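These notes concern the structure reproduced below.
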Amino acid sequence: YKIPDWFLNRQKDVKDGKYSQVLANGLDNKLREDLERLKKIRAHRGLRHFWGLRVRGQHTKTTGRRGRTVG
Amino acid sequence: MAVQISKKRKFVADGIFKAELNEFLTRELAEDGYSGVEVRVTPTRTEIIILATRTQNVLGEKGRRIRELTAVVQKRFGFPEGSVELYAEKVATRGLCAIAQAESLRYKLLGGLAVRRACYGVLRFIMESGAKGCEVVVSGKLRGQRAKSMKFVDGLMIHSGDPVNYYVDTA
Amino acid sequence: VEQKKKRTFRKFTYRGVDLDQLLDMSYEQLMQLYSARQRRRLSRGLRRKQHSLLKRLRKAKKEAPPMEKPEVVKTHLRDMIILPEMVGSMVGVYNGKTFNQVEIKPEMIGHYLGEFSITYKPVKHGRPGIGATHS
Amino acid sequence: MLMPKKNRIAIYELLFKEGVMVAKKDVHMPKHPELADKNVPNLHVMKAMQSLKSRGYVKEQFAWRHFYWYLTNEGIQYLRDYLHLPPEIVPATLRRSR
Amino acid sequence: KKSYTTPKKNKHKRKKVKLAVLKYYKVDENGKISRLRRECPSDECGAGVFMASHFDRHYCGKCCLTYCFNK
Amino acid sequence: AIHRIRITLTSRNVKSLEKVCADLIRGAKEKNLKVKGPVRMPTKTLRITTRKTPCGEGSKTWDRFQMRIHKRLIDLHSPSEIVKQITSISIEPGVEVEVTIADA
Amino acid sequence: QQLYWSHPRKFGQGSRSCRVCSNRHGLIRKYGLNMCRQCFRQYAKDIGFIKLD
RNA sequence: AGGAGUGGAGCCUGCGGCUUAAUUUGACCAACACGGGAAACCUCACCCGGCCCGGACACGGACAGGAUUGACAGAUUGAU
RNA sequence: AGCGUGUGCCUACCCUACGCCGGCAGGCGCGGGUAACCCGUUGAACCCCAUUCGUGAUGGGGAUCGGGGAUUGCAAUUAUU
């Protein structure tokens, strides 16, 4: 219906070969795959995911808190 | 103005040349009674008037010193020949020549002498030569290894306002 | 490599094309498969003495017995795109002192070498010291 | 080498003709631009001057990342004998200034 | 700050040891000089510098990045 | 011939500048070359605002320095010979001068 | 020397210095200056600037 | 007398503590977006590997079939 | 609107008009400026006027995070922008 490719959520998903638009319950399923993939290869990404720490370049020294348990 | 620099950068570049020279000379003419310079570009010539108190020691044997110095400057800033020409000049009244008076105190000290007597000798001279007043400080070690200060003061002095720019020189 | 269904078969071909096609492709067709940052490194770079690595990998892969992996090629280079041709080799990657060895999968392609070798201890507390609280 | 025996001469002869040398403090001066090119590969001016200076024959200032070497009477004799040259040369002095 | 610790390797390339050099010309008859290998006529050699007959190689120290056969 | 020649002056000292401008307007008016007076151009500010402390410690203070240059230009129309005559005379202090071939 | 003795530095901090001591970081680039801020002050009076405000 | 805030939330950034091969270092109203210090490399002081001498000068020794410099290919090596 | 700034400087680099291509980031072709001359009569923001939302953790808030495209550099992984 001639909505441009750049205006979609996904362009060449990766390993699926096409432009795609993802909606509600399929979005979560797709999302959980990419997490699993990055622990499959076990890049830096999946390790940070599994440890529950920030993926992107951010300091965690003064961030997140919550917390409790002090000395 | 090719290949030269714009007017903002033009004055800055002059200042850098004025400053480098003024510390270059001071490390090899101090004992000959250096007191500054005064440069003047004129049509097709640079004049660098090497102001010093005693022209005797400046000259050397057959104008040797002036010749060495001119050959240096001619290469360092990369001017072609016939540009830079040094000249000497004797300054009358040395009691207003703070820079030279300071360097006289330097060699009196390095001669091996006490501080009070040396300071006194420099003091009366600059006062006698004609001055409103004058002051000397020597801060550093002597007779122990805690530092101290010894101030020797005579006459009038100012320290505040714009007149400070006219009526005192400091080294 | 001992995986299945990650680059061929039912479930997963690498953006619509199998590994088998990639190996016959030049870098030119390969880079146009969407992975933006990769395309900089090829179009600008074009081999700044990565020569030393890529010959040793193919070489060692060849001479090694069938159904057995080679020894290692080592690197201080943590940067170089993982590629289909590189797969099956075993590479040790310098950290600050230590060469952590890794097997190259066909599922790692596009990534860098340095993501598969860490360079710090994950972390493990803990106990407040004698100087950590206005008290 | 250290340096060639060629590059000794090309500095020491040039020094003898101008009566003074200057250079800048760098260990990455490929040819020493300003003076003499295609016969200095790197340090060499500074590196050869230091050895000369050790044995007298020169005085040396340093100011704002620039050496300044002043040839002396003793050095005139030295350079004359080292390169076995005629007795006519002395550019440091040759006239009494008027 | 701190001073160096302990390695144990401590070798030198070789001192270019003092040997009886030039018998690259061999005495057979008078006044003939019997060459076994060429005294190289490179593109800047004056034919006063020999070329090494390495065995498995052909190497000059002057033409060292060029004019090196493997025979 | 008679060429429209523009003599730009530039200096850092307003007294030293201005009297040398007056001299060049005089030497022109003396020979009745129909010169135009000084056109004083906007004075420009070079600023440097930096810390007074070497190695930060104590209250944060700064210091405004300024240098003010001055530009001004006199337009002449006369033969280029007599121009270079009158230009070179009666200048003693450190003040720059720039002669121009022609102007519209 | 040979093929290793240097690594390209032609932008960033390591490819500029200063002309009165060759010190880096704290320096003034502006107007073609190339002087480190500690030493700039001591040659401030020497033709350059003067305080006025 | 009042005005707007800070202290609460999220983030940025400096400091302590803790960890770590190393998390370089100064500083405790008058330290703490301070060292004009917004660090990819460089910087760089730190940590882990490898190379280089650019040890002047002096005295003695070596030594012209020779004091000494550099390197192709293979092995070795992150490394040509 | 106002203070400024700009390649010809260190070892190498500036400010950009204009035309074209692209949703955007941007690319590409030409031209001026050593500067009261060219960029730039610096046609900036809050402000101002008319639509839409409706007291609702709402479209307030944009943290966190997935996927993709550009530019700088020799290189961007711990995501430079």
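Quick note: the coordinates plus some simple rules give every number you see, no bench work behind them. Positions of Cβ are generated from backbone atoms using ideal geometry, with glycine treated the same way; all protein chains shown enter the neighbour counts.
What angle, in degrees between 0 and 90 and rounded to the nearest 10, separates the Cα long axis of helix B:7-24 from the longest principal axis of the Cα atoms of chain B?
Compared with the principal axis, the helix lies near 50 degrees.
Any idea which of F:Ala1, F:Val14, F:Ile86 is furthest toward the positive side of the dipole for chain F, if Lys and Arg beta-carbons carry +1 and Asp and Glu beta-carbons -1?
Highest projection toward the positive end goes to F:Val14.
Can you put F:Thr8, B:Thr170 in order of Cβ neighbours within 10 angstrom, beginning with the fewest? Please list the in-between numbers first.
Working: F:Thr8 16, B:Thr170 8.
Taking fewest neighbouring Cβ atoms as first place, the list is B:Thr170, F:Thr8.
Once both axes come from the Cα atoms, what is the angle between helix C:51-63 and the longest principal axis of chain C, in degrees from 0 to 90, rounded to 10?
70 degrees
Can you sort B:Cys119, G:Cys21, E:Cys64 so the residue with the fewest Cβ neighbours within 10 Å comes first?
Details: B:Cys119 20, G:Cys21 13, E:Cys64 9.
Taking fewest neighbouring Cβ atoms as first place, the list is E:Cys64, G:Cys21, B:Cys119.
Say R0 is 22 Å: what FRET efficiency, to the nearest 0.05, do C:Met67 and A:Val55 get from their beta-carbon distance?
In this case the efficiency is close to 0.05.
In degrees between 0 and 90, to the nearest 10, how far off the longest principal axis of chain B does helix B:98-110 point, with axes built from Cα atoms?
Long axis of B:98-110 versus the principal axis of chain B: about 60 degrees.
What FRET efficiency would be calculated for the residue pair E:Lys18, C:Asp18, taking the C-beta separation as r and a Förster radius of 51 Å, to the nearest 0.05?
Numbers: r = 66 Å, r/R0 = 1.30.
Once the sixth-power term is evaluated, E becomes 0.15.
Would you mind ranking G:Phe40, B:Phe79 so that the residue whose beta carbon has the fewest other beta carbons within 10 Å leads the list?
Ordered by Cβ neighbours within 10 Å, fewest first: B:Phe79, G:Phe40.
So which of D:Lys6/D:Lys38; F:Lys60/G:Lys45; B:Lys132/G:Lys45; D:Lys24/G:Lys45 end up more than 18 Å apart by C-alpha?
Values: D:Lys6/D:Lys38 11 Å; F:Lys60/G:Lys45 22 Å; B:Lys132/G:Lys45 24 Å; D:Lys24/G:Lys45 26 Å.
Exceeds cut-off: F:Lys60/G:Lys45; B:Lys132/G:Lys45; D:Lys24/G:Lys45.
Would you mind checking the pairs F:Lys15/G:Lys30; B:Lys7/G:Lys30; B:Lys10/G:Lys30; A:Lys18/C:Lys11; A:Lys15/C:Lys105 and listing those with alpha carbons more than 18 angstrom apart? Could the numbers behind the result be given before it?
Working: F:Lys15/G:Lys30 28 Å; B:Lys7/G:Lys30 14 Å; B:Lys10/G:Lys30 13 Å; A:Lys18/C:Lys11 15 Å; A:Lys15/C:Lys105 15 Å.
As for pairs spanning more than 18 Å Cα to Cα, those are F:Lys15/G:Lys30.
Enumerate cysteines in the protein assembly as shown without a disulfide-compatible partner, where compatibility requires another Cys Cβ under 4.7 angstrom.
For the protein assembly as shown, the answer is B:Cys97, B:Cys119, B:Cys134, E:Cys40, E:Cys45, E:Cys64, E:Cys68, F:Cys21, F:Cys55, G:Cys21, G:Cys39, because their Cβ atoms have no other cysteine Cβ under 4.7 Å.
What helices in chain D pass both tests, a Cα length along the helix axis of 27 Å or more and a mean Kyte hydropathy of -0.5 or higher, using whole DSSP H runs?
Details: long enough: none.
The answer is none, since no helix passes both cut-offs.
Relative contact order, percent, of the stretch B:45-113 when contacts are C-alpha pairs under 8 Å separated by at least 6 residues? Kindly include the intermediate steps, with their values, before the conclusion.
Working: 61 pairs, mean separation 28.8, N = 69.
Relative contact order comes out at 42 percent.
Let's test this: bin the Cα-Cα distances of the stretch B:61-171 at 10 Å from zero up to the farthest pair and state each bin's percent.
Pair shares across the bins are 11, 31, 24, 21, 12, 1.
Relative to the Cα centre, what is the charge dipole magnitude of the stretch A:5-71, using +1 at the beta carbon of each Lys and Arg, -1 at the beta carbon of each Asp and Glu, and rounding to the nearest 20 debye? Before the final figure, lay out the partial values.
Values: 18 positive and 7 negative charges, 104 e Å.
So the magnitude is around 500 debye.
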